[PDB]
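We begin with a single chain expressed as structure tokens, specifically the form solved without the ligand.
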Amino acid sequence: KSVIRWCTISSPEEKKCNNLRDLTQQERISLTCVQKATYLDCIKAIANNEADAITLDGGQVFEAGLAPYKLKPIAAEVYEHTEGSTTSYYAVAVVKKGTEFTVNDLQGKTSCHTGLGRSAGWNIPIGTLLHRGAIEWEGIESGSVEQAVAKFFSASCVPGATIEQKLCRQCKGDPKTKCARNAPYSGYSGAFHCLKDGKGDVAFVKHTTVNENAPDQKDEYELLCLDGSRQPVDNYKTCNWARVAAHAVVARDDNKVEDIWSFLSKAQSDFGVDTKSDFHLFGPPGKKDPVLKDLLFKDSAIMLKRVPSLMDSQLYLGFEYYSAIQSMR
């Protein structure tokens, strides 16, 4: 009857979306999938009524909420929390055991990031190191944050970086695709593999990333904490760089939001973590090639929760994280 258009940003993603399309062809709200080059092309397409929805990291919810787009988060991913579940996660910095540098010794190291402008992979680590005085950046007029970061680290893999060569030097893949936002070393799992393969000394990822990727070998890794110590991977509640809002589905502020939520509400009922189907909407998490990870929704999401309609992107991210992204922008 009514169709919603999901906007995807990679070929494994479009494939996953088209599999869900085939499984919901008999539902009152059906699905079709369009694929774009980047999440930004998807924000443009949705604001242009060529697509209806996409899940975005908190840093990208920020951009989606800006004029001329003015898309709003309509549903948030929920992650497992010791006390039930939460719509937030922790940004951590993962290093290997037996290297011995602290957060104060990061100058000249190589680094692995989920993507330019993402919460855990960029906004939180780069924003924190500017605040601590480690990365010297004197405002946007002084040039880009990319330039300041490429001065700090000796080389990096930062998917989506465009000004600095050095920020794509450590990425794996074809020349044309190695530093793309859907490259091999992109996302939480991609940045973890960049560290595992020795292409970075530190990977800026989230609290579930080592479990999702090397659960057997997680004691070969540890976390770099803000107080200068190193703690085990499971000690992220006391060794994290920030708690950030969950990834969220964004949409135009118009009446299609109810069709999108009814579609999502039913799809996680049928294909959620307790599904009897072979199709999983969320993950499952576990070792597999990183380009197959966090497709449509993160592998670590366990449910979607409706966001109150009165929350826009600023209220969703919170005033403090919103002004932190505005000050690096």
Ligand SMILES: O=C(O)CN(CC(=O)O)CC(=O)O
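Numbering starts at 1 and runs along the sequence shown.
Q: Return whichever of 182 to 190 and 149 to 157 has the greater mean Cα B factor according to the PDB record.
A: Higher mean C-alpha B-factor: 149 to 157.
Q: Comparing 162 to 170 with 248 to 256, where is the mean C-alpha B-factor higher?
A: The stretch with the larger average C-alpha B-factor is 162 to 170.
Q: Between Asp57, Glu27, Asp294, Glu63, which one tops the list for Cα B-factor in this entry?
A: Out of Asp57, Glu27, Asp294, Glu63, the record gives the largest C-alpha B-factor to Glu27.
Q: Out of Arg132, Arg243, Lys206, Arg118, which shows the largest CA B-factor listed in the entry?
A: When the deposited C-alpha B-factors of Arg132, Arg243, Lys206, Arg118 are compared, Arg132 is largest.
Q: Hey, what third does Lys196 fall into on Cα B-factor, ranked over its chain?
A: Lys196: CA B-factor falls in the middle third of its chain.
Q: Please place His280 in the lowest, middle or highest third of its chain by C-alpha B factor as given in the entry.
A: CA B-factor rank for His280: middle third.
Q: For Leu20, does the deposited CA B-factor place it in the lowest, middle or highest third of the chain?
A: Within its chain, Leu20 is a middle-third residue by C-alpha B-factor, going by the deposited values.
Q: Could you tell me which third, lowest, middle or highest, the C-alpha B-factor of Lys109 occupies within its chain?
A: As the PDB entry reports it, the C-alpha B-factor of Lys109 lands in the middle third of its chain.
Q: Within this chain, which third does the Cα B-factor at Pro68 fall in: lowest, middle or highest?
A: It falls in the top third of the chain.
The same protein has a further form, the form deposited with the ligand bound, not shown here; the description that follows concerns it.
Q: Given the ligand superposed in from its position in the entry with it bound using nearby C-alphas, should this pocket be scored open or blocked (3 or more ligand atoms within 2.4 Å of backbone or C-beta)?
A: Result: blocked.
Q: Is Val250 a contact residue for the ligand in the entry with it bound, using a 4.5 Å heavy atom cut-off?
A: No - in the entry with it bound, heavy atoms of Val250 and the ligand never come within 4.5 Å of each other.
Q: Taking heavy atoms only, is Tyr188 within 4.5 angstroms of the ligand in the entry with it bound?
A: Looking in the entry with it bound, residue contacts with the ligand include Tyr188, since a heavy atom lies within 4.5 Å.
Q: Examine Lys72 and determine whether its closest non-hydrogen atom to the ligand in the entry with it bound is within 4.5 angstroms.
A: Result no; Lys72 lies far from the ligand in the entry with it bound.
Q: So in the entry with it bound, does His207 come within 4.5 Å of the ligand, heavy atom to heavy atom?
A: So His207 does not count as contacting the ligand.
Q: Heavy atoms, 4.5 Å, the ligand in the entry with it bound: which of 177 to 185, 131 to 139, 228 to 236, 110 to 118 makes the cut? Say which one.
A: Contact-bearing stretch, as computed: 110 to 118.
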